[PDB]
Amino acid sequence: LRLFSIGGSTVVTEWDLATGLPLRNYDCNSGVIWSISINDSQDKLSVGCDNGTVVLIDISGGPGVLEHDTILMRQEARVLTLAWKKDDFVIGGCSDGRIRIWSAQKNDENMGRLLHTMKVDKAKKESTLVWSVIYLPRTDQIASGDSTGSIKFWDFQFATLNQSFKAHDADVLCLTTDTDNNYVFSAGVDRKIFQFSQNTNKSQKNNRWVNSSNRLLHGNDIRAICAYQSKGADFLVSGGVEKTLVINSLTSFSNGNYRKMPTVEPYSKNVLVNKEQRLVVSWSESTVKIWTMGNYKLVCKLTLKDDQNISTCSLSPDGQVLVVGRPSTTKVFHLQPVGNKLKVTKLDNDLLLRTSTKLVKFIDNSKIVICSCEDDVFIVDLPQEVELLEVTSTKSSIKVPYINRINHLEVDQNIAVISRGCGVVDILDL
Amino acid sequence: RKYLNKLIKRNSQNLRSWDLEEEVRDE
Amino acid sequence: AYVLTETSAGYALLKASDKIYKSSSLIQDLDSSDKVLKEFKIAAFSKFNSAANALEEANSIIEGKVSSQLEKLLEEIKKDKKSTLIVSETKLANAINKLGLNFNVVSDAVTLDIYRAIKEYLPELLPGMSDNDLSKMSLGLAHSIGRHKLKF
Amino acid sequence: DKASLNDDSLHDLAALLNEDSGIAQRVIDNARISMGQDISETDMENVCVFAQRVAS
Amino acid sequence: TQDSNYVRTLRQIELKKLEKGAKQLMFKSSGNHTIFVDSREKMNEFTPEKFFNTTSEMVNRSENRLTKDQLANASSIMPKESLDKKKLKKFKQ
Amino acid sequence: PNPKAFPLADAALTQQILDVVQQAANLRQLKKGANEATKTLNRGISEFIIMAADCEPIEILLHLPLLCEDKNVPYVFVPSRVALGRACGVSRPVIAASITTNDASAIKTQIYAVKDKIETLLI
Amino acid sequence: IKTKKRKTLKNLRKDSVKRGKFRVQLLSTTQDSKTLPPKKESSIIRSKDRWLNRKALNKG
Amino acid sequence: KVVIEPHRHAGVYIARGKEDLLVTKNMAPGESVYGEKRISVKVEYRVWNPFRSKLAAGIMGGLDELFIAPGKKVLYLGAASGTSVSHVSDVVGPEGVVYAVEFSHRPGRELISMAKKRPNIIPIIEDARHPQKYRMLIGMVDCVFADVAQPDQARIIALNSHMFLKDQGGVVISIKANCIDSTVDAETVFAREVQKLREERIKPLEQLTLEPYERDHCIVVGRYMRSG
Amino acid sequence: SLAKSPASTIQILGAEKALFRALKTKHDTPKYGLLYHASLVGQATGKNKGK
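Quick mapping for you: the protein sequence lines, in order, are chains A, X, B, S, Y, P, V, W and E. Residue numbers for the first sequence, in UniProt numbering: 112 to 405, 413 to 500, 508 to 555. Sequential numbering of the second sequence, starting at 112, is according to UniProt numbering. Residue numbers for the third sequence, in UniProt numbering: 2 to 19, 21 to 154. Sequential numbering of the fourth sequence, starting at 225, is according to UniProt numbering. Residue numbers for the fifth sequence, in UniProt numbering: 101 to 172, 180 to 200. Sequential numbering of the sixth sequence, starting at 4, is according to UniProt numbering. Sequential numbering of the seventh sequence, starting at 155, is according to UniProt numbering. Residue numbers for the eighth sequence, in UniProt numbering: 85 to 125, 138 to 324. Sequential numbering of the ninth sequence, starting at 308, is according to UniProt numbering.
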């Protein structure tokens with residue numbers, strides 16, 4: 112499986128899940144890109160771009176390769192949201208406040224021709240704009256949440272609405288559906304999650320949705336909903352702006368128990384403390400802030423100007439040494455205390471300057487051990510390598526690549542221990 | 112060396128006299 | 002190993018003493035020279051007949067599929083039941099896999115270095131394969147295929 | 225036509241103007257390498273009729 | 101109708117002659133010319149004379165900057188008053 | 004309809020085009036028929052060129068995209084000569100028409116908006 | 155003091171020196187352009203966030 | 085009466101006479117292709145129209161490393177109806193050849209007629225994005241010029257230069273901002289295209305805005321290094 | 308080029324001398340052109356020859 116992400120720039124960056132690095136930045140041709148959605152069978156992904164257009168880029172023949180296939184017929188409205196019906200139609204909602212339906216059909220005379228447009232009825236003192244579109248397969252419909260704050264249900268043939276709801280106050284931002292499309296959930300900016308249902312026999316026979324219920328859980332607003340349903344479990348996950356994500360049950364959304372996964376999770380840590388000289392060190396993006404204590415007083419602050427990454431692993435042993443390491447490059451520091459102030463300096467070793475460090479540890483104040491993301495461990499004395514015992518790839522190691530990578534490396538005075546997320550652990554004597 | 116420099120200068124002067132202008136440039 | 006190539010001097014199969023490691027060593031050692039040509043000279047040339055119409059239908063149905071002179075060469079390409087072949091097109095690879103010999107062939111892999119190097123050093127194969135300047139025949143082929151692709 | 229010209233036709237041009245000058249060899253090479261646009265048979269027939277008229 | 105035909109004929113006369121005049125004229129480009137380097141020491145070390153291997157006015161002139169080895180108007184009559192006069196005459200026409 | 008009629012405007016673009024063709028007709032800024040359209044192209048006065056994608060045979064207006072291309076004038080195909088003739092406001096089918104240049108009209112902003120949309124569609 | 159040191163910091167950070175009619179720019183590092191995706195466009199992102207924190211919905 | 089002057093490159097001349105002009109020395113004399121004028125001084141010379149060809153516009157805009165020398169092989173992508181490819185055949189002369197490419201049919205017929213006129217032009221009328229159908233014909237070009245309008249410009253250039261370019265080779269692109277993006281500023285679009293070529297192994301050397309000739313068109317000159 | 312020209316030019320095509328003289332002199336333009344010798348214009352009579 113592959114992971115395509117997209118930021119504010121004009122490329123689609125396809126990640127490499129083995130080492131957690133960008134496998135390839137495919138530059139899409141036309142303009143700043145606003146949205147992305149793959150089709151069924153995961154063969155062709157559509158990107159909707161601020162010039163007003165929609166590009167189809169297709170994946171075929173292994174990862175790491177994306178060739179530009181088609182630019183559909185274009186307009187002058189920037190495309191905010193895309194969806195795929197099938198291998199047949201590309202549905203887009205665009206900032207004119209209107210929804211267009213393009214034909215994406217291999218071997219047809221209509222392909223790349225926008226052949227339906229519908230319009231969301233405007234607001235008054237604003238420029239309305241459609242935020243979220245979704246295709247419902249069973250009931251052959253397209254639903255959309257729009258900046259009037261509303262939810263509309265069009266049907267695909269005749270491209271015409273059956274239902275409209277003034278659901279909530281300010282603009283809708285997300286939509287999700289079921290497997291069989293009995294429930295469609297909408298997520299506003301007014302913190303509410305609305306549930307529209309169709310489950311009864313009469314409502315299914317007459318296509319009538321009902322505004323079944325609503326629930327607010329969040330603090331600021333909502334920005335993403337994804338639902339998953341299978342014989343194991345049935346939950347939708349909604350995450351927003353207040354740095355958290357809540358989890359609800361799908362079929363019992365009015366009755367079920369919600370759970371609020373917090374802001375912070377301490378797996379990839381950001382704070383260490385050395386009892387020698389009694390000092391805490393925290394690190395965030397280009398900031399190494401050090402306090403000493405005994413009350414607490416700040417000493418250090420280290421913007422690393424050259425790098426622009428998150429310093430993912432920094433470590434200081436018992437003493438005056440410090441190291442900082444990113445998946446691109448690293449740096450090593452020596453501190454000299456002059457009192458309440460310290461003076462840092464940057465040393466030089468081309469080995470650490472070229473290598474990437476997933477997991478750094480110290481042996482003593484001279485030698486450190488490095489686990490590099492390609493499963494490669496090194497020792498330096500401030508190119509001494511040591512081998513590993515190989516793991517055999519099963520189907521999970523084929524699909525999810527990073528399982529065989531080393532998760533943790535814990536060091537004693539001399540001896541060390543390796544742990545890889547397949548469930549395997551090893552003891553290393555250096 | 113200086114002879115070559117002078118020759119280059121002479122050729123440059125010829126080219127300048129071919130393609131030059133005063134206020135004719137702005138005109 | 003064998004490699005098939007198509008030029009306006011005919012259809013040439015070149016031998017390669019074994021691939022991918024050879025590709026890497028080729029491009030890193032800059033084997034764009036007659037030294038690499040004499041390391042890997044030739045397996046079997048096939049000059050065509052002097053029939054411009056036959057060449058026309060030939061390279062047209064080469065752009066489409068596999069041709070009959072290609073059949074008359076693929077009857078004797080093989081040394082074993084399976085011999086690795088380097089082809090310059092994926093559809094042609096599927097064609098030569100699905101025709102009547104059924105041996106092993108890699109598609110258009112990383113071997114653009116091989117194809118480009120032999121395209122460059124084919125002037126040094128003018129004393130080897132075609133003792134003539136084939137550019138005039140290439141020009142005639144191009145003008146004739148132009149007059150055929152256009153209606154005319 | 226510039227194509228149906230063999231070595232017997234080369235000796236036929238030698239029976240015509242001159243082969244010791246090599247013009248027959250020059251025109252047979254240019255005919256074998258020619259890029260001139262081929263014409264229809266009725267065009268060639270009418271060109272032959274016109275050339276016959278001029279020769280007479 | 102006859103008046104408008106006459107004016108239209110005169111307009112097409114002048115349009116075709118303006119096309120031919122601008123076709124036989126020649127202008128000087130005024131465009132942005134960037135040069136990509138790889139090291140900032142060389143970027144600070146840049147000099148157009150040192151780059152194109154030319155001199156002053158050859159650097160400032162666009163359509164021809166011949167190198168010093170390429171280098172290493181008496182033919183035209185009165186080059187200080189006449190040539191520019193005829194060029195400006197054609198431009199004014 | 005006819006696959007040689009390449010840029011074929013949709014419902015919204017065709018509605019905008021036929022509205023501006025109606026406004027241009029009532030301003031008398033519109034030259035109708037393929038011969039008058041070709042004349043406007045040769046004089047060099049067309050803002051843009053509308054054609055009808057269902058004229059049989061199609062070549063009698065296929066001669067126009069060549070001059071439109073070589074003189075950098077936008078052209079588009081709306082899909083019905085009957086509707087185009089009724090937009091231009093004459094009792095016949097009209098297969099081609101041209102909106103002509105005059106920078107003092109009261110429909111200039113509409114003409115430039117539609118012309119920009121056509122330029123985007125050809126680009 | 156602080157303003158001029160920030161200005162010479164930006165002067166050292168910049169890359170495009172103008173030399174008369176020409177312009178001299180350099181190319182970045184392939185390691186950065188390979189292991190990092192390009193930065194977002196601040197004006198477009200600012201447009202989306204302005205419309206979300208629009209002054210017509212009485213947020214806060 | 086007319087005076088010739090060499091250019092910074094070979095095969096490009098400048099007439100200083102009654103009017104200053106940019107000319108090219110004819111390989112074929114006395115026959116005009118698109119009705120351009122000419123000058124005899138005695139051998140023949142042919143005017144190059146910088147408005148009507150995007151290459152001579154970059155010439156008059158000033159360009160240090162133009163890779164077209166006489167005895168070389170040049171591949172022209174986007175040779176529509178034949179004007180500038182006739183000019184580059186004229187400047188390469190008999191030793192160098194030019195592989196012209198085009199897809200369409202009326203410019204195709206005009207290009208075929210002109211290639212019947214000239215010997216160094218060898219014409220292809222195939223899809224420029226599918227390089228195999230002239231891979232069977234073309235061998236190891238020295239430099240590529242390209243002036244296309246499909247927005248996958250870096251894509252087709254990467255393909256054709258991986259298949260045909262000599263190492264340490266030259267590649268010249270014309271880029272049309274109003275066709276590739278048409279909303280953002282042309283400088284930003286050209287910088288994005290420069291990044292695309294730098295990704296696809298074209299080490300760029302310079303770019304140039306064809307200001308008085310075309311709207312928002314640029315030329316990018318780069319080299320091809322250590323690739324395939 | 309003949310297809311690119313409009314229809315009125317194809318009518319006028321022959322009588323260009325009288326055409327341009329009448330245009331620059333503000334007289335009436337000729338009406339036949341080179342089409343006079345076609346059979347239909349050979350069957351018409353006068354104003355019908357013009358039409």
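Positions of the beta carbon are idealized from the N, C-alpha and C atoms, including for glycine.
- Inclusion of W:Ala250 and W:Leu306 in the CB contact set at 9 Å is not warranted, their separation being larger than that value.
- In terms of Cβ geometry, W:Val187 and W:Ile164 form a close pair [threshold 9 Å].
- Pairing W:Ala224 with W:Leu162 gives a Cβ-Cβ distance that is not under 9 Å.
- Any Cβ of chain S closer than 9 Å to the Cβ of B:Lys121 would place that residue at the interface, and such an atom is absent.
- DSSP, read as helix, strand or coil, puts A:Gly203 in strand.
- Counting along the chain, A:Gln315 sits inside the alpha helix (DSSP H) bounded by residues 312-316.
- Residues of chain Y with a Cβ closer than 8 Å to the Cβ of W:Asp104 are, in chain order, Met126, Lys194.
- Annotated three-state conformation of W:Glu198 is coil, per DSSP.
- For W:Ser149, the closest of W:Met232, W:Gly235, W:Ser180 by C-alpha to C-alpha distance is W:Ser180.
- For the options B:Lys74, B:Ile116, B:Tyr117, the alpha carbon positioned closest to that of B:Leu101 is the one of B:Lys74.
- Between A:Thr517 and the set A:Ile245, A:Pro526, A:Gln216, the nearest pair of CA atoms involves A:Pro526.
- As the crow flies, the alpha-carbon of P:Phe51 is around 24 Å from that of W:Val244.
- Within the same chain, and ignoring the five residues on either side of A:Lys277 in sequence, the residues whose Cβ sits closer than 6 Å to its Cβ are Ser261.
- Taken in chain order, the whole beta strand (DSSP E) runs of length 3 or more contained in the region 429-494 of chain A are 431-433, 439-443, 448-455, 460-464, 477-480, 486-490.
- For a cut-off of 8 Å, the C-beta gap from S:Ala248 to S:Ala255 is around 10 Å, too long to register as a contact.
- The beta-carbon of W:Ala211 is placed less than 9 Å from the nearest beta-carbon of chain B.
- Apart from sequence neighbours up to five positions away, the residues of its chain that approach P:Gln25 with a beta-carbon distance below 6 Å are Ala90, ordered along the chain.
- Put simply, the backbone Cα of A:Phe264 is about 43 Å away from that of A:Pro377.
- Neighbours of V:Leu181 across chain W, judged by C-beta separation under 7 Å: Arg294.
- Look at W:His183: its C-beta is not under 9 Å from any C-beta on chain Y.
- Residue pairing by DSSP puts A:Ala335 in a beta bridge opposite A:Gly350.
- Residues of the region 301-317 of chain W with a C-beta atom less than 9 Å from some C-beta of chain Y are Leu301, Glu302, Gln303, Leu304, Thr305, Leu306, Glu307, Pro308, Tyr309, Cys314, listed in chain order.
- Spatial neighbours of A:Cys431 in its own chain (CB-CB distance under 7 Å, excluding positions within 5 residues in sequence) are listed in chain order as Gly443, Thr475, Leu477, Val478.
- Judged by DSSP secondary structure, B:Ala60 falls within the alpha helix (DSSP H) whose first and last residues are 54-66.
- Remark: three or more beta-carbon pairs, one from each stretch, lie closer than 8 Å, so the region 245-256 of chain A and the region 266-273 of chain A are flagged as touching.
- For A:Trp394, no alpha helix (DSSP H) segment is defined; the enclosing uninterrupted segment is the beta strand (DSSP E) at 390-395.
- DSSP places B:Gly148 within a helical segment (H, G or I) once states are collapsed to three.
- Contact annotation: in the region 181-207 of chain W, residues whose CB is within less than 8 Å of a CB in chain B are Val193, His201, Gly204, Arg205.
- Take A:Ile245, set aside five residues on each side of it, and the residues of its chain with a beta-carbon closer than 8 Å to its own are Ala194, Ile253, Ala254, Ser255, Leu286, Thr287, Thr288, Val295, in chain order.
- One thing to note: W:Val317 has its Cβ within 9 Å of the Cβ of W:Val267.
- Under the three-state reduction of DSSP, W:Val244 is assigned to coil, being neither helix nor strand.
- Only residues of its own chain outside the window of five on either side were considered, and among them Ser270, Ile271, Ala273, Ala282, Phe286, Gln303, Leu304, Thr305, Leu306 have a CB closer than 8 Å to the CB of W:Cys314, listed in chain order.
- By the neighbour-count criterion, in which 16 or more other beta carbons inside 10 Å mark a residue as buried, P:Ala56 falls on the buried side.
- Within 7 Å of the CB of X:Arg127, the CB atoms of chain Y belong to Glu157, in sequence order along the chain.
- Beta-bridge annotation (DSSP): A:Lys400 is paired with A:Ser393.
- Contact annotation: W:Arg202 and W:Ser177 have beta-carbon atoms nearer than 9 Å.
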